[PDB]
Each structure stands twice: as C-alpha cells, then as structure tokens.
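Following: one structure in structure tokens, then a few remarks.
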Amino acid sequence: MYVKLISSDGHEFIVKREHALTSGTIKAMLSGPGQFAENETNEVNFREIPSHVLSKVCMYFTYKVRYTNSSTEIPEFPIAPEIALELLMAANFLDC
Amino acid sequence: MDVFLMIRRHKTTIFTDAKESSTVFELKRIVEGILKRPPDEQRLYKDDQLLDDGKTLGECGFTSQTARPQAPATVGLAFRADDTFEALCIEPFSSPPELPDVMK
Amino acid sequence: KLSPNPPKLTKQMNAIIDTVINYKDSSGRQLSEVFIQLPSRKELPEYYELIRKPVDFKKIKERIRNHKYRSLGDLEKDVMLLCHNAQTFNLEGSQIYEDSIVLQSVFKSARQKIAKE
Amino acid sequence: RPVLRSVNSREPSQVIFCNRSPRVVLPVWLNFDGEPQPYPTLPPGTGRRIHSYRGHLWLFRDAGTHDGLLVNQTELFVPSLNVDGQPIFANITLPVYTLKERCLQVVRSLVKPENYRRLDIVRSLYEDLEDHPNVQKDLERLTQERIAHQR
Ligand SMILES: Cc1ncsc1-c1ccc([C@H](C)NC(=O)[C@@H]2C[C@@H](O)CN2C(=O)[C@@H](NC(=O)CN2CCN(c3cc(-c4ccccc4O)nnc3N)CC2)C(C)(C)C)cc1
C-alpha cells in the first residue's frame, strides 16, 4: 500500500505506508479515523515542510527500512550543511 | 540485487525499489498500480535519454552503487494521452536558505 | 642528563626488540602483546607484591631511547628479567609462561642476527 | 559493584576488532569497577587482532564525536568461549541513527558549541544539540535496562 505526502510548496511524494509509519507523527496522523467509513488515511498535508526537505525525509524512510536488522555493513546517511537545519526541524516535528 | 528509485513527473515523485535485473516494462507495471495509467501510455527516461521496455534497469545504468536508498536514482516520467506525446517536465524542488555563517 | 650512546648501538637495540615485539606465531597471534605494558597496582596487586623488579616492553623501549642500557647485554639482562618475571608469576604450562620462553628464543636469535651481520 | 563490569577471568581471548564503519572507532573497555578506559583507535576499514580475556566487556564509539556504534548488531560485546584457538570476531558497524540524532551529529560537526544558540531554530533544539553523546549517560541507560530486565 502507498500513501501520498504533500510538501508546503505542493509537491506530491508517493511512498510505501510501512516506510512512512517510521514517523511517529505520521503514524498518529494515519492510524486515527477518516474517509467517510474508513479507520486509516492515504493522504497527508505538510504546512511547514518544503519539497527539498520532505524528499530527504523520504530518502531516510527508505534507508531506515532497508538497513534496520541488516548484517550488511551500513552506509552513512548523508546530509549537506545547507539542508541540515531544516531537516533537523522536520525530524523533530515528525518524531523519527 | 536492488536499486532505489525516485520516479518523477511534474509535482509527482514516487519512492520505490526494483531489481537491477528487472525490466523498464516491469517498472511501468509498478507505476500502473500506483497512478492508474497503462505502460503504453507511459515513457520513462534516465535524464533526457528515453529507455527501452526490453532493457534491464542495470543496462540503462541503474546500479547498486548509483541508486542507493539514501541517494535514489531519478527515473523521468511522461504521459501519452492518445496522440498527446507530452514532454518530460520535472518541477524542481524548493531551495534552502543560504548557509548561516556559524556553519561555515 | 645522560651521555648519548653511539647512534648505531641504539639502532641495534631497537631492531632486536622490535623483532621480538612484532614476532607472531604460526597461528597469526603476536606473543609480545600481554607483556607490552604491565597491569597497574590497583588492577593486579598480587604481581607487585611477588615480583621484586617488575618490567614491561614499554619501559625497555624507553630505556633504549633514554640510554640506560650501554650494551646489548644490559638490554638482554632486562628482557630475560621480564620473561623470568613472567615465568615466576604464571607457572609452567600456561599459554603466557611458554610465550615468555618463545620470546627468550626470538630475542637471542635476533641478537645473533643483528649483532653478527 | 555495578551491573556492567568486566569479570576478572584471567582467561585469554583472541579477538578481531573490525571497523566496518566510516568513522574512526574508539574501543572502550569497561574495567572491573565498570568504569570505561579508552584504547587505541581503529581507522575506517582497518581490522586488528587484539588480546582480551573471557568475560571482559567492550563498547565502541566515534573517537571524535563519542557517537554510539554497533558491534555484531548490538551495543555491548563480550567475547564468548574461544574453542580450539580460532579467534572471536567483533564487526563494528554504524547503527541506523534516528534522522533527528543524525541531523544533530551533522550540525554539531559544522557549528562551534559556543554558537548553537545563534542558529534560527526552536529553543528546544539548542538543548538537544548541547546534550552530546556520552558513554557515562549511556552506561546508566544500559544498566537501568538490564536492571529493568531483572524485574
Ligand atoms: C592495539 C589496539 N587497537 C585497538 S584496541 C588495541 C589494544 C587492545 C588490547 C590491548 C591489551 C593487550 N589488552 C588489554 O589491555 C586487555 C583488554 C581488556 O580486556 C583488559 N586487558 C587486560 O590485559 C587486563 N588484563 C587482565 O585483566 C588480566 N591480566 C592479568 C595479569 N596478566 C599478566 C601480566 C604479566 C606481565 C605483563 C607485562 C610484563 C610482564 C608480565 O609478567 N604477567 N603475568 C600476568 N598474568 C595480564 C592479564 C589489564 C587489567 C588491562 C592488564 C592493547 C591494545
């Protein structure tokens, strides 16, 4: 199952649900009620987080799922200084 | 042997994985299941070069070392609509503010 | 505050001792390891109460640089002291005891090789 | 005394410290009183045969940032019974750090600590930056974990 995450600047991000659930904040946005007669969501709107950040946040979700419980040596998750502060903000918000 | 992909058209961006071995056609089948458009209405690119349904992602140049989870490789998408052979357009991401002096 | 040894002599002492410290057995293991640095008195008081003149390779390496040793035999004396000290505390048959014995060998064979070549 | 200390076994153990991380690794031995002693650092990719003893307790950190690392996909390593000479293997890897703690590392690495509070960020994150990775804080956590796991 895929969910749609949408950035402040209107970009759409289509990721696997299980990946997104990495975010406690999103886990609590999806697991609660909504959609007439449905007990979980499939679309989330971010008001603060821009595209260039939310992209990175998804990149992380990917990485997290791939490399959790892996006996493969792990590669470093890269962050460019320019994006660091916003990404920190976003993570803090997203609880992940 | 896996590759990690961003499939991107306009203000859409799909985060998925596929086998290095698996085919450009098979990828369009994944895209069908998400967006609801058949393979014959798609057209996938690596940069500006169009891909071939037969070739493997590995042959198009998507590899373990150049499509990593933390740095996925970007697959261009364009939608045909009968004779509407639309152009490849990827709405870029927003820009970050300039690096505060304390981080230089 | 000590008159320097001839440069060549100090170089010999280093070669001999490095030859020892570096030597690894058939299985890939470096024998010198356990002996490089003594335990602390806090760590192992038994050793210091029983061994009269403690010494480790760290000290010897430092005594060569500081020119305490004036001949290859001054040096040999202090390596033999080490290995004897080991042999007095660890008791025959132990993986440590026999390592000290191999290292006695390694040392003399090193001496004969550098101090007659 | 404490719940996390090496046992004075006196029974040797041949180990391979293998740094599969991109970090310069600081091996940390926990002594018989459970205090951590630092040992020579392993550069990235490097591996070394090292002499330790049965029951002796080790953890591994970034030598520079004191960031936590894994060893055989866990936080502590104690060498098992050698069996027939052949050595025991300690594979040191990165963990999967939380995006937050990962970002923290990156900012801390670019900014002098005297300037954390001159960044345009929520006031809470000043404190989070200042709360540096520390083995002493961790050992408490790992203890109060084993202690909570001895109900
Ligand atoms: C190179 C490197 N790179 C990354 S880590 C690293 C590195 C890793 C490990 C080490 C070094 C090689 N390894 C360690 O330090 C290990 C690692 C950690 O698990 C603690 N540890 C010990 O060795 C601790 N020894 C014991 O608990 C038991 N000891 C009983 C006393 N015993 C004896 C010594 C001497 C004797 C010595 C010198 C001279 C003449 C002597 O006769 N003689 N008899 C003995 N029974 C030695 C063993 C110690 C309290 C600290 C002592 C050194 C470097």
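Protein chains in written order, with the deposited numbering: chain C, 17 to 112; chain D, 1 to 104; chain A, 1375 to 1491; chain B, 60 to 210. Beta carbons are placed, not taken as given, at the ideal position from N, Cα and C, and that holds for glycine.
1) With a threshold of 8 Å between beta-carbons, can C112(C) be considered close to chain D, or not?
2) Return no unless some Cβ of chain D is closer than 8 Å to the Cβ of residue 132(C).
3) By how many angstroms is the C-alpha of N174(B) removed from the C-alpha of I99(C)?
4) Less than 8 Å between the CB atoms is what I'm expecting for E41(D) and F79(D), so what's the real figure, rounded?
5) Check the C-beta distance from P71(B) over to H125(B) and give it rounded, since I have them as a contact under 8 Å.
6) Name the chain D residues that come within less than 9 Å of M75(C), Cβ to Cβ?
7) Report yes if the CB atom of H110(B) is closer than 8 Å to the CB atom of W88(B), and no otherwise.
8) Taking Cβ positions, are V3(D) and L57(D) nearer each other than 8 Å?
9) Keeping to the same chain, check which residues put their C-beta closer than 7 Å to that of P97(B); ignore five residues upstream and five downstream.
10) Quick one: which chain C residues come within Cβ less than 7 Å of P96(D)?
11) In terms of residues, what are the limits of the alpha helix (DSSP H) holding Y76(C)?
12) Indicate the three-state DSSP secondary structure (helix, strand or coil) for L118(B) in the structure shown.
13) Are the segment 35–55 of chain C and the segment 120–139 of chain B in contact at 8 Å, needing three or more beta carbon pairs?
14) Are any of the Cβ atoms in chain C nearer than 8 Å to that of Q203(B)?
15) Do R1403(A) and ligand 1 come close, with the Cβ less than 7 Å from some heavy atom?
16) With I1390(A) as the anchor, note down where its alpha helix (DSSP H) starts and where it stops.
17) Below 8 Å between beta carbons: does that hold for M1(D) and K28(D)?
18) Name the chain A residues that come within less than 8 Å of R108(B), Cβ to Cβ?
19) Should the segment 67–80 of chain C be called in touch with the segment 29–46 of chain C, which here means at least 3 C-beta pairs below 8 Å?
20) Using only the heavy atoms of ligand 1, determine whether one of them is closer than 7 Å to the beta carbon of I1395(A).
21) Just to confirm, does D197(B) get its C-beta within under 7 Å of one of the non-hydrogen atoms of ligand 1?
22) Please report whether the beta-carbon of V19(C) lies at a distance below 8 Å from any beta-carbon of chain D.
23) To the nearest angstrom, how far is it from the Cα of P1413(A) to the Cα of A1489(A)?
24) Quick one: grab the DSSP three-state call for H10(D).
25) Please determine if the segment 92–99 of chain D and the segment 94–110 of chain C are in contact, where contact requires at least 3 C-beta pairs separated by less than 8 Å.
26) For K1451(A), is the classification buried or exposed, using 16 other Cβ atoms within 10 angstroms of its Cβ as the cut-off for buried?
27) Between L1449(A) and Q1478(A), what straight-line distance do the alpha-carbon atoms span, to the nearest angstrom?
28) Is it true that the segment 35–46 of chain C meets the segment 76–92 of chain C, where meeting means three or more beta-carbon pairs spaced less than 8 Å apart?
29) Does any C-beta atom of chain C lie closer than 8 Å to the C-beta of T12(D)?
30) Please report how far the alpha carbon of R107(B) lies from the alpha carbon of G1447(A), in whole angstroms.
31) Using DSSP bridges, identify the partner residues of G127(B).
32) I want to see whether chain C comes within less than 8 Å of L99(D), judged by CB atoms only; does it?
33) Touching or not, the segment 66–75 of chain D and the segment 3–13 of chain D, by the rule of three or more beta carbon pairs under 8 Å?
34) Check whether chain D comes within 8 Å of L169(B), counting only Cβ atoms and requiring the distance to be less than that.
35) Could you check the C-alpha separation between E1491(A) and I75(B) for me, to the nearest Å?
36) Quick one: what's got a C-beta closer than 6 Å to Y185(B)'s C-beta in the same chain, skipping five residues either side?
So, from the data block:
1) no
2) Nothing in the structure corresponds to residue 132(C), since chain C is present only between 17 and 112.
3) 18 Å
4) 6 Å
5) About 29 Å separates the two Cβ atoms, so there is no contact after all.
6) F4, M6, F15, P69, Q70, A71, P72
7) no
8) yes
9) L85, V87
10) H68, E98, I99, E102
11) 67–83
12) strand
13) no
14) no
15) no
16) 1381–1396
17) no
18) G1402, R1403, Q1404
19) yes
20) no
21) no
22) no
23) 32 Å
24) strand
25) yes
26) exposed
27) 12 Å
28) yes
29) yes
30) 33 Å
31) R120(B)
32) yes
33) yes
34) yes
35) 37 Å
36) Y175, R176
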